[PDB]
Number of protein chains: 2
Amino acid sequence: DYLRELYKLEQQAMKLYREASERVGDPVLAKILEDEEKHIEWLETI
Amino acid sequence: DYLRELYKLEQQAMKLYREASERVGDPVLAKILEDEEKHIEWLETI
């Protein structure tokens, strides 16, 4: 259901937030990434 | 660049987190949504 494509969305966000952090180099980009990580965990409880 | 498709990703996440919160009804789903919102704002400073 939703959870499953919401889960994948979180995975792409981390992938593209990773390729973006490497380059851009805005520390807040790394901050947004620590979050997406926790979103995955919380998603993991439904 | 990345920022632009990272921005759109955040928009879809909120759209699908909204349709998912309405239904599922897991309060943490609303918590993940208040976040995606701030990610948009922080994204807005690059």
# chains A, B, ... in the order shown; residues from 1 in each chain; ligands from 1

$ interface_residues --of "chain B" --to "chain A" --cutoff "7 Å" --atoms "only C-alpha atoms" --output "number ranges by chain"
B: 2, 9, 13, 20, 32, 39

$ write_last_selection --atoms "C-alpha atoms" --output "PDB file, in the first residue's frame"
ATOM      1  CA  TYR B   2      19.915  18.445  -7.670  1.00  0.00           C
ATOM      2  CA  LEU B   9      10.798  14.904  -4.233  1.00  0.00           C
ATOM      3  CA  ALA B  13       6.510  13.019  -0.209  1.00  0.00           C
ATOM      4  CA  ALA B  20      -1.537   8.334   3.757  1.00  0.00           C
ATOM      5  CA  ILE B  32       7.126  12.905   9.420  1.00  0.00           C
ATOM      6  CA  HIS B  39      13.185  20.293   4.700  1.00  0.00           C
TER       7      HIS B  39
END

$ atom_distance --atom1 "atom CA of residue A:41" --atom2 "atom CA of residue B:27"
14.4 Å

$ atom_distance --atom1 "atom CA of residue B:44" --atom2 "atom CA of residue A:8"
23.8 Å
